[PDB]
Each structure stands twice: as structure tokens, then as C-alpha cells.
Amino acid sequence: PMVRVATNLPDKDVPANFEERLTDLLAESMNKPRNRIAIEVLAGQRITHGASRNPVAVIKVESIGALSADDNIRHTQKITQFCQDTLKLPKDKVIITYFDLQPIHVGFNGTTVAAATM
């Protein structure tokens, strides 16, 4: 999985262990190995939501599978709770988009994922 978390909160408000903890959280929720998870954090960014500059997170989650409609209820519950706990954001200020990828559309270790599997 490839995750991007952007927030208008300043960088000082996104704890140093945010990425590590989110990695563990998503490994469990998505049934994915921790070593296959990348997390980008972009803090101190201009973001509005309904034209408001109040604290908000906008998140993208890409993965080959593990993103069924049922799965995504679980990931949204967990990611949202995680952001509430760590970033102190309200539930309605965590916006997540999921991208369900084909293995022919991911490059890693110098070739596509499809080319490295059965």
C-alpha cells in the first residue's frame, strides 16, 4: 500500500511516530505486510474543506486489493480513529480516497508487481 496524508496542521503536530504507527495499523487492517507499506506525510499545507481552514486531513490509500467495500468500512473506521487520537481531528475532518490497483500498474524493485509473482 501507498498512503499519502496531507494536513493543514503544522508539522510539529504530527508526531514522529505517526508513520510507524499508521504502518502497523494498516498492516493489520488490510492484511498486508508492514514492509510493503509506504507512508507520505505532508503537513503545514494549505487545505480548505467547505471553504474552511479548520484542521483537516486529506488521505489517499493505494493498494493491490484489500479494498473491498466491506474492507473500506474497517479501514475508514481505523484510520479515522487513529487521526482523532494522534492529530486531534474531528471525525468529519478526515477525508480518505481508496485506489484499488492492478499488479500491472505498480512498479517495485525494478519491475512490475505482476512480473514478480506467480
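Just count from 1 along the sequence shown to find any residue number.
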| property | result |
| --- | --- |
| Which of 99-107 and 8-16 has higher mean CA B factor, as the PDB entry lists it | 8-16 |
| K60 CA temperature factor, ranked by third within the chain | lowest |
| For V113, the third of its chain into which the C-alpha B factor falls | middle |
| Chain third (lowest, middle, highest) by recorded CA B-factor, residue given as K93 | lowest |
| Position of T76 among the chain's modelled residues by C-alpha B-factor, lowest, middle or highest third | lowest |
| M30 - which third its CA temperature factor falls in, relative to the rest of the chain | highest |
